[PDB]
Protein chains: 4
Amino acid sequence: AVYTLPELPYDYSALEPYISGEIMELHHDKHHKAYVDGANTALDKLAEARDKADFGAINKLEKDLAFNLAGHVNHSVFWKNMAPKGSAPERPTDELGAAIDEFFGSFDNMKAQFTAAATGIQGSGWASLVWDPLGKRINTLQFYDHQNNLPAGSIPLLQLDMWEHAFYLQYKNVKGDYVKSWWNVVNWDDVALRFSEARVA
Amino acid sequence: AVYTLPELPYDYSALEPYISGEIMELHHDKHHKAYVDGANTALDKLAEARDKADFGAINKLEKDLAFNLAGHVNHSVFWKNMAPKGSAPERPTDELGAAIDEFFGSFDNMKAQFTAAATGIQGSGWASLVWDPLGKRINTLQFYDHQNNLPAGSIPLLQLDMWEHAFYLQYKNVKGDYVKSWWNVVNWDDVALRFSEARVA
Amino acid sequence: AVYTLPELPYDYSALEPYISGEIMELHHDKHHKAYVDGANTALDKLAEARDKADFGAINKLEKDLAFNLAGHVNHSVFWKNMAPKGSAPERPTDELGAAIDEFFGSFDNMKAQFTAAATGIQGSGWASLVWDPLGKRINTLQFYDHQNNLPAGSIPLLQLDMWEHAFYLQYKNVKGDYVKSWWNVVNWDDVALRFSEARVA
Amino acid sequence: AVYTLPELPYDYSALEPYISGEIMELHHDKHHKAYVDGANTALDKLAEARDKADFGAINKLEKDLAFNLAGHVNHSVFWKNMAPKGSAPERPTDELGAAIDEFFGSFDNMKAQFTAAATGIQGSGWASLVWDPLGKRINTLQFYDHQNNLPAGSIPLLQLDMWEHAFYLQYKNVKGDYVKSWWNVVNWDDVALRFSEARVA
Ligand SMILES: [Fe+3]
Ligand SMILES: [Fe+3]
Ligand SMILES: [Fe+3]
Ligand SMILES: [Fe+3]
């Protein structure tokens with residue numbers, strides 16, 4: 001297949017007590033899998049459309065592709081953006097640390113803005129720290145669903161899933177507690193790597 | 001400031017009779033300029049939100065940034081994606097040509113899918129040929145407005161503005177004639193350059 | 001103020017085993033309450049904008065109003081659309097029954113279309129049976145979030161909340177089981193009343 | 001057919017010099033017609049879906065229905081909301097006038113809010129004065145495209161088409177001039193009638 005479901009870089013319960021293993025299992029094995037299957041299906045139907053010269057469902061297929069592929073991209077980044085507490089730095093350092101200071105003033109300012117963007121979403125969405133190639137800077141974006149409210153070319157550095165399935169079983173309606181806990185498992189090494197590769201294509 | 005209005009790489013009337021100089025002037029001098037100002041303003045507002053430590057308008061600011069920055073990105077690519085009729089090959093060649101045949105079967109198949117995506121938009125939008133870094137392939141996407149219906153990380157290679165201001169004064173409601181005429185001014189050399197740089201990340 | 005949180009017309013656990021009392025409490029006391037407060041706040045903000053004669057945040061305020069008021073409307077109908085198992089007929093009768101057969105062919109056909117609309121949503125949303133005043137017919141609509149994908153003037157007759165918070169704690173990712181169980185608690189008497197009042201405008 | 005294209009209640013050039021007859025002709029004969037045809041088609045495909053028990057394209061069909069029907073509803077109201085200058089009151093009076101004063105403070109405040117909502121739209125959209133049945137009041141809403149950003153049950157009283165095709169040929173990018181001119185042709189008698197019938201189902 002074109003798209004494949006990546007394995008978690010750690011055990012399902014490795015992020016506890018911050019993120020329950022029950023959520024990690026359903027989230028990865030069920031939800032992420034659906035997006036991979038959906039993205040592959042969209043490509044197959046588009047191929048069939050070209051073959052038969054029948055583009056009647058083009059609007060449906062283009063949304064299916066965007067929604068599912070965006071879901072696949074977002075979650076693939078999401079898994080790697082996390083690591084068990086103690087297995088990675090508690091704060092960004094070196095180049096990444098300096099860059100965050102440059103575009104946000106301080107790490108605390110970045111956290112406050114990222115958190116506000118995460119908890120204020122009206123509907124399903126993502127809080128995202130991205131590299132803007134046309135501006136050469138790091139900005140925060142608030143995705144709607146998976147594929148809305150973002151410029152083309154945006155390179156994801158750090159992302160937080162704010163869809164209810166990502167926190168409801170453990171935190172219920174208190175999304176704030178979820179975000180506070182989540183900061184404890186952010187793998188700053190992964191973010192730093194993405195940054196190094198992002199600012200150069 | 002952070003974002004600037006790029007100048008056109010050709011005269012305003014260089015794309016005639018395909019696209020009128022009148023549209024080119026309004027589109028570039030009025031419309032594109034507004035997105036640059038809007039994107040800069042969004043960043044300024046976000047900075048002020050950080051200083052005052054008040055993110056009450058975070059939802060508005062993130063949408064202002066996404067909408068305006070996406071408008072800026074989309075039009076910047078759009079201008080370079082075109083060139084006077086005989087200034088570039090009417091058909092893709094070399095690496096780009098082979099890539100199109102690989103992912104679409106043929107150039108004609110690609111044109112058919114791109115055209116269908118462009119003319120079927122329900123509202124304002126864009127037809128886009130992008131490089132998918134995850135699947136390592138070229139896909140067509142149908143953007144809604146400027147910032148919706150696309151996966152993060154999508155690298156724009158070729159884009160067509162389907163907002164009414166882009167064709168109404170010349171083609172009125174007949175979107176089909178606009179798209180047909182547009183193919184004549186596509187700068188495949190620019191698209192090839194974007195493909196080369198995107199493929200190496 | 002202008003909007004108030006309506007009380008449930010039954011006990012929190014009256015819809016068990018179909019919908020857990022735990023979900024009913026969180027859904028009504030926490031989620032619905034937030035939309036009431038948000039809708040009232042949006043109106044207050046708009047009034048202040050009028051006094052100060054500054055509409056700089058008009059885009060944010062109009063979305064806050066639409067999102068929150070739609071959330072309030074949708075849930076208000078939702079609560080009344082349900083009732084304890086044997087408190088109402090398991091199948092529509094009289095005028096409503098005839099109307100369903102007229103616009104859908106049969107009750108089963110209506111259920112099939114409504115269910116497909118409910119389970120196929122890409123993101124948060126609602127499956128809705130509405131009265132179309134213009135066409136004078138009953139149609140099914142698929143709302144995105146609370147306020148998108150619907151014509152103005154649509155009168156809600158029967159609605160099903162497909163946001164993850166509505167079923168996740170009990171049914172997890174299996175949307176299908178949630179919808180199947182929900183049909184057992186539909187209050188057709190409430191739906192019939194809404195139809196009668198909507199048809200006479 | 002279920003939906004039909006209503007005729008204009010006046011000549012195509014009756015609204016000049018405020019709105020050109022050239023725009024009125026394309027807008028009504030071409031654009032509005034497309035929405036009626038689209039709405040009818042959506043219903044036919046939904047009927048076919050139920051017959052064959054094939055709801056694979058349900059997401060596409062529900063959006064096609066919402067987009068086209070909303071477009072039909074919005075324009076049907078739009079045509080009647082206008083009348084040649086001098087043929088109707090320059091201001092709202094009696095019940096409507098008092099209601100506007102009640103929910104906006106004054107006619108001037110309502111105009112300022114409505115205008116701000118009209119010119120600030122990010123993408124295609126509508127500025128709308130609606131009757132809120134769950135609140136018993138008149139509010140202003142900002143529709144995105146035709147079917148987004150509005151609560152179910154909203155009854156349109158006065159609407160302004162802010163899609164570029166509605167003003168571009170005459171006003172180009174200056175949407176402000178279009179809105180200023182438009183106020184001269186508002187048929188307050190039509191709005192008053194809709195209000196009388198709206199506040200009572
Ligand atoms: Fe998720
Ligand atoms: Fe444009
Ligand atoms: Fe809900
Ligand atoms: Fe229109």
# chains A, B, ... in the order shown; residues from 1 in each chain; ligands from 1

$ residues_around --residues "stretch 158-168 of chain C" --least-positions-apart "2" --cutoff "8 Å" --atoms "only C-alpha atoms" --output "PyMOL selection string"
(chain A and resi 164-165+168-169) or (chain C and resi 19+23+27+74-75+77-78+81+118-119+121+123-130+145+156+170-173+175+178+191)

$ write_last_selection --atoms "N, CA, C and O atoms" --output "compact mmCIF listing (two decimals), in the first residue's frame"
# COMPACT_ATOMS: atom_id res chain seq x y z
N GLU A 164 -11.79 14.82 21.00
CA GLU A 164 -12.24 14.23 22.25
C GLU A 164 -11.78 12.79 22.53
O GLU A 164 -11.55 12.44 23.69
N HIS A 165 -11.58 11.99 21.49
CA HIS A 165 -11.13 10.61 21.68
C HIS A 165 -9.72 10.53 22.26
O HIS A 165 -9.32 9.50 22.79
N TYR A 168 -10.90 12.02 26.42
CA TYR A 168 -12.15 11.78 27.13
C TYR A 168 -12.23 10.63 28.15
O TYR A 168 -12.76 10.82 29.24
N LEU A 169 -11.71 9.46 27.80
CA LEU A 169 -11.77 8.32 28.71
C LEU A 169 -11.08 8.56 30.04
O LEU A 169 -11.50 8.04 31.07
N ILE C 19 -28.06 4.71 26.90
CA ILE C 19 -27.14 5.82 27.11
C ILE C 19 -26.94 5.90 28.62
O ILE C 19 -27.91 6.02 29.37
N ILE C 23 -22.79 9.68 31.10
CA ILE C 23 -22.71 10.51 29.90
C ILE C 23 -23.76 11.61 29.97
O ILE C 23 -23.45 12.77 29.73
N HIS C 27 -22.72 15.40 29.75
CA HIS C 27 -23.24 16.00 28.54
C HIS C 27 -24.15 17.19 28.80
O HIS C 27 -24.01 18.24 28.17
N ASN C 74 -29.21 22.65 19.22
CA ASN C 74 -29.06 21.22 18.96
C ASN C 74 -29.28 20.33 20.17
O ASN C 74 -29.97 19.32 20.08
N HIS C 75 -28.68 20.70 21.31
CA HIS C 75 -28.85 19.91 22.53
C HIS C 75 -30.22 20.04 23.16
O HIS C 75 -30.71 19.09 23.77
N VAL C 77 -33.03 20.35 21.56
CA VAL C 77 -33.89 19.47 20.77
C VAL C 77 -33.55 18.02 21.11
O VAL C 77 -34.43 17.19 21.33
N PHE C 78 -32.25 17.74 21.19
CA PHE C 78 -31.74 16.41 21.49
C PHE C 78 -32.34 15.80 22.76
O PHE C 78 -32.80 14.66 22.74
N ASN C 81 -35.96 14.93 22.25
CA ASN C 81 -36.10 13.90 21.22
C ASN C 81 -36.00 12.50 21.81
O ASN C 81 -36.17 11.52 21.09
N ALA C 118 -25.21 9.71 10.02
CA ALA C 118 -24.67 9.80 11.37
C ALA C 118 -23.27 9.18 11.52
O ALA C 118 -22.38 9.79 12.10
N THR C 119 -23.09 7.99 10.97
CA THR C 119 -21.82 7.27 11.08
C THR C 119 -20.70 7.67 10.13
O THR C 119 -19.53 7.39 10.39
N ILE C 121 -19.81 10.86 9.29
CA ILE C 121 -19.26 12.19 9.54
C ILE C 121 -17.75 12.21 9.73
O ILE C 121 -17.19 11.41 10.48
N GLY C 123 -15.33 14.17 11.30
CA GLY C 123 -15.13 15.18 12.32
C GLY C 123 -16.34 15.14 13.23
O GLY C 123 -17.07 14.15 13.26
N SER C 124 -16.54 16.20 14.02
CA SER C 124 -17.69 16.27 14.92
C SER C 124 -18.92 16.66 14.12
O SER C 124 -18.82 17.35 13.10
N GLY C 125 -20.10 16.24 14.56
CA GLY C 125 -21.30 16.59 13.83
C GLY C 125 -22.60 16.02 14.37
O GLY C 125 -22.65 15.46 15.47
N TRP C 126 -23.65 16.19 13.57
CA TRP C 126 -24.99 15.72 13.90
C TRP C 126 -25.69 15.13 12.69
O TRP C 126 -25.41 15.51 11.55
N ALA C 127 -26.58 14.18 12.94
CA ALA C 127 -27.41 13.59 11.89
C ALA C 127 -28.73 14.27 12.23
O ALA C 127 -29.14 14.26 13.40
N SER C 128 -29.37 14.88 11.24
CA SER C 128 -30.60 15.60 11.51
C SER C 128 -31.74 15.38 10.52
O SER C 128 -31.53 15.34 9.31
N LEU C 129 -32.94 15.26 11.06
CA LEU C 129 -34.15 15.09 10.28
C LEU C 129 -34.79 16.47 10.41
O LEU C 129 -35.09 16.90 11.52
N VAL C 130 -34.93 17.18 9.30
CA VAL C 130 -35.49 18.53 9.34
C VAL C 130 -36.67 18.75 8.41
O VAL C 130 -36.88 18.00 7.46
N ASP C 145 -19.78 19.97 13.13
CA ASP C 145 -19.69 20.66 14.41
C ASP C 145 -21.13 20.88 14.88
O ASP C 145 -21.85 19.91 15.11
N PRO C 156 -35.42 21.76 12.86
CA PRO C 156 -35.04 20.45 13.40
C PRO C 156 -36.22 19.67 13.98
O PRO C 156 -37.01 20.20 14.76
N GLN C 170 -18.95 5.11 26.74
CA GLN C 170 -19.71 3.87 26.74
C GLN C 170 -19.46 2.96 25.54
O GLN C 170 -19.32 1.75 25.70
N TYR C 171 -19.40 3.54 24.35
CA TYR C 171 -19.21 2.77 23.13
C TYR C 171 -17.84 2.88 22.48
O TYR C 171 -17.57 2.22 21.48
N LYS C 172 -16.97 3.71 23.05
CA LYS C 172 -15.62 3.91 22.51
C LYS C 172 -15.67 4.37 21.05
O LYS C 172 -16.44 5.27 20.71
N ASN C 173 -14.90 3.72 20.19
CA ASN C 173 -14.84 4.07 18.77
C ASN C 173 -15.96 3.48 17.91
O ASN C 173 -16.12 3.85 16.75
N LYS C 175 -19.06 3.72 16.74
CA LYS C 175 -20.19 4.63 16.50
C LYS C 175 -21.47 3.88 16.19
O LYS C 175 -22.56 4.29 16.61
N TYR C 178 -23.65 2.79 19.07
CA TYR C 178 -24.25 3.96 19.71
C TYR C 178 -25.54 4.34 18.99
O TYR C 178 -26.58 4.52 19.61
N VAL C 191 -41.17 14.29 18.30
CA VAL C 191 -40.90 14.51 16.88
C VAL C 191 -42.19 14.85 16.13
O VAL C 191 -42.19 15.73 15.26

$ interface_residues --of "chain A" --to "chain B" --cutoff "7 Å" --atoms "only C-alpha atoms" --output "list in words"
residues 2, 3, 50, 55, 58, 59, 62, 63, 66, 69, 70, 109, 116, 117, 120, 135, 141, 142, 147, 148, 149, 150, 151, 152, 153, 154, 155, 156 and 201 of chain A

$ write_last_selection --atoms "N, CA, C and O atoms" --output "CSV table (one decimal), in the first residue's frame"
chain,number,residue,atom,x,y,z
A,2,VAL,N,0.3,2.4,-0.4
A,2,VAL,CA,1.0,3.6,-0.4
A,2,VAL,C,1.3,4.1,1.0
A,2,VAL,O,2.4,4.4,1.4
A,3,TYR,N,0.3,4.1,1.9
A,3,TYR,CA,0.4,4.5,3.3
A,3,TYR,C,0.3,3.3,4.2
A,3,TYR,O,-0.4,2.3,4.0
A,50,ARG,N,-9.6,8.4,-13.0
A,50,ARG,CA,-8.7,8.7,-14.1
A,50,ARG,C,-8.9,7.7,-15.2
A,50,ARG,O,-9.0,8.0,-16.4
A,55,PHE,N,-15.0,11.8,-13.3
A,55,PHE,CA,-14.6,12.6,-12.1
A,55,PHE,C,-15.8,13.2,-11.4
A,55,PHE,O,-15.8,14.2,-10.7
A,58,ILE,N,-15.3,13.7,-7.7
A,58,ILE,CA,-14.0,14.4,-7.4
A,58,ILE,C,-14.0,15.2,-6.0
A,58,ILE,O,-13.1,15.2,-5.3
A,59,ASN,N,-15.1,16.0,-5.8
A,59,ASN,CA,-15.2,16.7,-4.5
A,59,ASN,C,-15.2,15.9,-3.3
A,59,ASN,O,-14.5,16.2,-2.3
A,62,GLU,N,-11.5,14.3,-3.1
A,62,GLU,CA,-10.5,15.2,-2.6
A,62,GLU,C,-10.6,15.5,-1.1
A,62,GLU,O,-9.6,15.8,-0.5
A,63,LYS,N,-11.8,15.5,-0.6
A,63,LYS,CA,-12.0,15.7,0.8
A,63,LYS,C,-11.6,14.4,1.6
A,63,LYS,O,-10.9,14.5,2.6
A,66,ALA,N,-7.8,14.5,1.7
A,66,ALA,CA,-7.3,15.5,2.6
A,66,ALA,C,-7.5,15.1,4.1
A,66,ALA,O,-6.6,15.2,4.9
A,69,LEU,N,-5.5,11.6,4.9
A,69,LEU,CA,-4.1,11.8,4.8
A,69,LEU,C,-3.6,12.8,5.9
A,69,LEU,O,-2.6,12.5,6.5
A,70,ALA,N,-4.4,13.8,6.2
A,70,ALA,CA,-4.0,14.8,7.2
A,70,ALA,C,-4.1,14.1,8.6
A,70,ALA,O,-3.2,14.3,9.4
A,109,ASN,N,6.2,31.6,27.2
A,109,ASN,CA,5.3,32.3,26.3
A,109,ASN,C,4.8,31.4,25.3
A,109,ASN,O,3.6,31.4,24.9
A,116,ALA,N,-3.3,27.9,25.0
A,116,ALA,CA,-4.5,28.7,24.7
A,116,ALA,C,-5.1,28.2,23.4
A,116,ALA,O,-6.4,28.1,23.3
A,117,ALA,N,-4.3,28.0,22.4
A,117,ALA,CA,-4.7,27.5,21.1
A,117,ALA,C,-5.4,26.1,21.2
A,117,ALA,O,-6.3,25.8,20.5
A,120,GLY,N,-8.9,26.3,23.3
A,120,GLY,CA,-10.0,27.2,22.8
A,120,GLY,C,-10.6,26.7,21.5
A,120,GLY,O,-11.6,27.3,21.0
A,135,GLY,N,8.7,32.8,5.6
A,135,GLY,CA,8.7,33.7,6.7
A,135,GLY,C,9.9,33.3,7.6
A,135,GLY,O,10.4,34.1,8.4
A,141,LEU,N,-0.3,27.1,15.1
A,141,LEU,CA,-1.5,27.0,14.3
A,141,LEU,C,-2.6,26.2,15.0
A,141,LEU,O,-2.2,25.3,15.8
A,142,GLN,N,-3.8,26.5,14.7
A,142,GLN,CA,-4.9,25.8,15.3
A,142,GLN,C,-5.7,25.1,14.2
A,142,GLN,O,-6.4,25.7,13.4
A,147,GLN,N,-7.4,18.6,8.6
A,147,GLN,CA,-7.0,19.3,7.4
A,147,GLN,C,-7.4,20.8,7.1
A,147,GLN,O,-7.3,21.3,6.0
A,148,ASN,N,-7.9,21.4,8.2
A,148,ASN,CA,-8.4,22.8,8.0
A,148,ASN,C,-7.6,23.8,8.8
A,148,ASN,O,-7.1,23.5,9.9
A,149,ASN,N,-7.6,25.1,8.4
A,149,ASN,CA,-7.0,26.2,9.1
A,149,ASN,C,-5.5,26.2,9.1
A,149,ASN,O,-4.9,26.5,10.2
A,150,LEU,N,-4.8,25.9,8.0
A,150,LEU,CA,-3.4,25.9,7.9
A,150,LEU,C,-2.9,26.2,6.5
A,150,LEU,O,-3.5,25.9,5.5
A,151,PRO,N,-1.7,26.9,6.3
A,151,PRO,CA,-1.1,27.2,5.0
A,151,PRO,C,-0.4,26.0,4.4
A,151,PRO,O,0.1,25.2,5.2
A,152,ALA,N,-0.4,26.0,3.1
A,152,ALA,CA,0.3,24.9,2.4
A,152,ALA,C,1.8,25.1,2.7
A,152,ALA,O,2.2,26.2,2.8
A,153,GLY,N,2.5,24.0,2.8
A,153,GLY,CA,4.0,24.1,3.1
A,153,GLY,C,4.3,24.1,4.5
A,153,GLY,O,5.5,24.1,4.9
A,154,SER,N,3.3,24.2,5.4
A,154,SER,CA,3.6,24.2,6.9
A,154,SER,C,4.2,22.9,7.3
A,154,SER,O,3.7,21.8,6.9
A,155,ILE,N,5.3,22.9,8.0
A,155,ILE,CA,6.0,21.7,8.4
A,155,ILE,C,5.8,21.5,9.9
A,155,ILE,O,6.3,22.3,10.7
A,156,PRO,N,5.0,20.5,10.3
A,156,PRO,CA,4.8,20.2,11.7
A,156,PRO,C,6.0,19.9,12.6
A,156,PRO,O,6.8,19.0,12.2
A,201,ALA,N,14.4,22.8,3.8
A,201,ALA,CA,13.5,22.0,3.0
A,201,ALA,C,12.9,20.8,3.7
A,201,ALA,O,12.5,21.0,4.9

$ residues_around --residues "stretch 185-188 of chain C" --least-positions-apart "5" --cutoff "12 Å" --atoms "only C-alpha atoms" --output "PyMOL selection string"
chain C and resi 9-10+14-19+77-97+100+111+157-160+178-180+193-195

$ write_last_selection --atoms "N, CA and C atoms" --output "compact mmCIF listing (two decimals), in the first residue's frame"
# COMPACT_ATOMS: atom_id res chain seq x y z
N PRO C 9 -35.92 16.36 30.87
CA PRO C 9 -37.31 15.95 31.11
C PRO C 9 -37.42 14.55 31.76
N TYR C 10 -36.28 14.02 32.18
CA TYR C 10 -36.20 12.71 32.83
C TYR C 10 -34.94 12.62 33.69
N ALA C 14 -32.30 7.52 33.27
CA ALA C 14 -33.54 7.01 32.69
C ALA C 14 -33.39 6.39 31.30
N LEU C 15 -32.30 6.71 30.61
CA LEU C 15 -32.08 6.19 29.26
C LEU C 15 -31.17 4.96 29.22
N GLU C 16 -30.82 4.43 30.39
CA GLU C 16 -29.98 3.24 30.45
C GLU C 16 -30.82 2.02 30.07
N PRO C 17 -30.18 0.96 29.53
CA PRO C 17 -28.75 0.80 29.25
C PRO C 17 -28.26 1.42 27.94
N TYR C 18 -29.17 2.04 27.20
CA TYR C 18 -28.86 2.64 25.90
C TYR C 18 -27.84 3.78 25.97
N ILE C 19 -28.06 4.71 26.90
CA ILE C 19 -27.14 5.82 27.11
C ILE C 19 -26.94 5.90 28.62
N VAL C 77 -33.03 20.35 21.56
CA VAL C 77 -33.89 19.47 20.77
C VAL C 77 -33.55 18.02 21.11
N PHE C 78 -32.25 17.74 21.19
CA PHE C 78 -31.74 16.41 21.49
C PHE C 78 -32.34 15.80 22.76
N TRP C 79 -32.37 16.56 23.86
CA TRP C 79 -32.92 16.06 25.12
C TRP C 79 -34.40 15.66 24.99
N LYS C 80 -35.19 16.52 24.36
CA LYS C 80 -36.62 16.26 24.17
C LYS C 80 -36.91 15.17 23.15
N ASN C 81 -35.96 14.93 22.25
CA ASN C 81 -36.10 13.90 21.22
C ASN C 81 -36.00 12.50 21.81
N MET C 82 -35.63 12.40 23.08
CA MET C 82 -35.49 11.10 23.74
C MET C 82 -36.41 10.95 24.94
N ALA C 83 -36.63 9.71 25.34
CA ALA C 83 -37.48 9.38 26.48
C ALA C 83 -37.24 7.92 26.84
N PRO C 84 -37.51 7.54 28.11
CA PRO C 84 -37.32 6.16 28.56
C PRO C 84 -38.03 5.18 27.62
N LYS C 85 -37.34 4.10 27.27
CA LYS C 85 -37.82 3.06 26.36
C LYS C 85 -39.33 2.96 26.07
N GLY C 86 -40.09 2.46 27.04
CA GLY C 86 -41.52 2.28 26.83
C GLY C 86 -42.44 3.46 27.09
N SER C 87 -41.91 4.68 27.04
CA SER C 87 -42.72 5.87 27.29
C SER C 87 -43.30 6.45 26.00
N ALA C 88 -42.93 5.87 24.87
CA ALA C 88 -43.41 6.32 23.56
C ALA C 88 -43.33 5.18 22.54
N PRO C 89 -44.10 5.27 21.44
CA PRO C 89 -44.12 4.25 20.39
C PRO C 89 -42.76 4.08 19.71
N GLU C 90 -42.34 2.84 19.52
CA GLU C 90 -41.06 2.55 18.88
C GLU C 90 -41.03 2.89 17.39
N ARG C 91 -42.18 3.28 16.85
CA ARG C 91 -42.28 3.60 15.44
C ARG C 91 -43.27 4.75 15.24
N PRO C 92 -42.95 5.68 14.32
CA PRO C 92 -43.80 6.84 14.01
C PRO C 92 -45.17 6.40 13.53
N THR C 93 -46.18 7.19 13.88
CA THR C 93 -47.55 6.89 13.49
C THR C 93 -48.26 8.16 13.03
N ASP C 94 -49.48 8.00 12.51
CA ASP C 94 -50.30 9.12 12.04
C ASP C 94 -49.65 10.00 10.98
N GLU C 95 -49.80 11.32 11.12
CA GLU C 95 -49.26 12.28 10.16
C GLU C 95 -47.76 12.14 9.95
N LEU C 96 -47.01 11.99 11.04
CA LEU C 96 -45.57 11.84 10.95
C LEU C 96 -45.21 10.57 10.19
N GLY C 97 -45.89 9.48 10.52
CA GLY C 97 -45.63 8.21 9.87
C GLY C 97 -45.86 8.26 8.37
N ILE C 100 -43.12 10.34 6.64
CA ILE C 100 -41.86 9.62 6.50
C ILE C 100 -41.92 8.68 5.29
N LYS C 111 -34.47 5.34 8.39
CA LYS C 111 -33.49 4.91 9.38
C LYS C 111 -32.13 4.65 8.74
N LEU C 157 -36.35 18.42 13.56
CA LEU C 157 -37.41 17.54 14.04
C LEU C 157 -36.82 16.44 14.92
N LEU C 158 -35.72 15.86 14.46
CA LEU C 158 -35.04 14.79 15.18
C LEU C 158 -33.54 14.94 14.95
N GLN C 159 -32.77 14.95 16.04
CA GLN C 159 -31.33 15.09 15.92
C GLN C 159 -30.57 14.08 16.77
N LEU C 160 -29.39 13.70 16.28
CA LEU C 160 -28.53 12.75 16.97
C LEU C 160 -27.13 13.35 17.05
N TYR C 178 -23.65 2.79 19.07
CA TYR C 178 -24.25 3.96 19.71
C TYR C 178 -25.54 4.34 18.99
N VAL C 179 -25.46 4.44 17.66
CA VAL C 179 -26.62 4.79 16.85
C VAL C 179 -27.72 3.74 16.96
N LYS C 180 -27.32 2.47 16.94
CA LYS C 180 -28.27 1.37 17.05
C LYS C 180 -29.05 1.40 18.36
N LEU C 193 -44.85 16.27 17.39
CA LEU C 193 -45.25 17.60 17.82
C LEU C 193 -44.48 18.67 17.04
N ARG C 194 -43.18 18.45 16.86
CA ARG C 194 -42.34 19.39 16.12
C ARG C 194 -42.75 19.46 14.66
N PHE C 195 -43.14 18.31 14.10
CA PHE C 195 -43.58 18.23 12.72
C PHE C 195 -44.87 19.03 12.52

$ atom_distance --atom1 "atom CA of residue B:28" --atom2 "atom CA of residue B:40"
17.1 Å

$ select_by_dssp --residues "stretch 24-198 of chain A" --states "strand (DSSP E or B)" --output "list in words"
residues 82, 125, 126, 127, 128, 129, 130, 131, 132, 137, 138, 139, 140, 141, 142, 143, 144, 148, 155, 156, 157, 158, 159, 160, 161 and 186 of chain A

$ atom_distance --atom1 "atom CA of residue B:183" --atom2 "atom CA of residue D:38"
27.9 Å
